Structure formats: C-alpha cells, structure tokens
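Below is a structure I'd like to ask you about.
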Amino acid sequence: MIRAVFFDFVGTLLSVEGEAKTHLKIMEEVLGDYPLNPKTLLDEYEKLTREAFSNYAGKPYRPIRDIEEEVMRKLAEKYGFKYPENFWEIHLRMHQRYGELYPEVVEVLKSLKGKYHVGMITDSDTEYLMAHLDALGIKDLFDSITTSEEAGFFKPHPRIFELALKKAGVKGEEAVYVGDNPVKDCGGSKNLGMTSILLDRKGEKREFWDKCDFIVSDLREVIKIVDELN
C-alpha cells in the first residue's frame, strides 16, 4: 500500500511557462539598456545552465547558485555587459514575484494531505528553496522537503531518495514519486523501489514513457493512481 507521495518542484509544481517569463524578467533586469536582445541572452542562459546541470546529474552536490553564477559570468564576458554582483539576489527576487504554480497544485497537495505523507524531493539549494516555496505559499503543504544539498548528491543518485524515504518513515515500495524527467526522476526513484509517475503536460516525452510506471498530463490524475494501487 502507498503511504507517501513525493513531488519534484520545477517543472512538476512550478510552471515551465512561468519560469520562462521569470527568467526573461531576470535577463531584462540584468541587461538594462545594454543593446543585447534579452530573449537572446535568455536562450543562451537556458542552454548553458541546462548543459551544466547535465554534467552534475548523479554527482556530489555543488551549490546550484555557484553553477548558475558561473554561467552568467561567462555570458557577461561573452557579450560585454558587466556581471551584476548581486545577481543571485535578483534571481530570488524575480522568482518570488512572478512564479506561478500549475493551476491544480494546491488542490492536489491539499487532497493528499491527511491520507498520505506529502513530500518534496528536489535538486536545490535549501535556503533559497525555502524562500521560494514560501513566496509561492506552499512551504507548509508538505510533511517533508528533501534537497540535494541535504543528501549531498543530485538526482538520480539514490541517496537523495533514500533520505526522503527515511524522513517520512516509509520503504520505497510504499511510495510514489512524481517528476517531469524520465531518467532522473522515474529512473532515480525506481532504484529505491518507488512507483514513478511522469508529468508530461503536452505529451512531449513519449520517446521516454517506457521508463516510467505511469504518465499523467494533469496532477489531479495522481490521487486516482494511488487509490488504484491501494
């Protein structure tokens, strides 16, 4: 029987369309009147941070702040604008103000609360994450929140999942993990015996659906799956 349901954060609860908008605001703030197209800078930032995170998958933890600052310093040098020294402060500020959760998130977390342990498992810098979840108003909807900084490794390393399972007092087989990346999320959670649910809102990752136990396009499908398993 499933006694716990765990969720990834960015791309699973936090809207992808919303972070794009948030990220565009950060770029515009960074640039000011500098004659570089902010959308061009955004596109470059996304790509370079995506590639950087990629190298760290499954490896010991390194502050995400450090990895993103590295990229931004490289881009300022590349385009000739000055790297803002308070970049990370800017980064947090924009996230708190323009972040948007997918429409059904609160409904789903609230419905599972009480029946199941509701947790979050995410590759994140802990302090920043807490400030971010607070601004979004959901920090308190979780029974546990586990980060790569706590575990000391990035998904799909098993230690991050093990720590989340231990905080909740459940074995892997009694837990579900909901994420949006088939290999890091479904692949990583499966190593602990957990049941994986892939969130693919636009059906864009069919090539990898076979890596996951279940695929959903809306988070409200999660409680139906849990009842069905129980």
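Readers should treat all values here as calculations from the given coordinates under stated rules, not as data from a laboratory. Because the Cβ atoms are built from the backbone with ideal geometry, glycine has one as well, and the counts that use them run over all protein chains shown.
Taking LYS184 and the conditions (1) more than 14 Å from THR12 (Cα to Cα); (2) among the basic types (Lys, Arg); (3) surrounded by 16 or more Cβ atoms within 10 Å (Cβ to Cβ), which numbered condition does it fall short on, given that it satisfies the others?
(1)
Report every pair of residues separated by at least 6 positions or lying on different chains whose Cβ atoms are under 7 Å apart, first residue within region 144-158 and within 16 Å of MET130 (Cβ to Cβ) and free of Cβ contacts under 8 Å to residues at least 24 places away in the same chain, second surrounded by fewer than 24 Cβ atoms within 10 Å (Cβ to Cβ) and among the charged types (D, E, K, R).
The qualifying pairs do not exist here.
Filter region 125-170 down to residues that are of a type in the set (S, T, N, Q) and surrounded by 21 or more Cβ atoms within 10 Å (Cβ to Cβ), then give me how many there are.
Final tally of qualifying residues: 3.
Collect the residues in region 147-170 that are under 15 Å from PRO63 (Cα atoms), outside any helix (DSSP H, G or I) and in contact with a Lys or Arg (Cβ under 9 Å, 6 or more places away or on another chain), keeping them in residue-number order.
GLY152, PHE153, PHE154, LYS155
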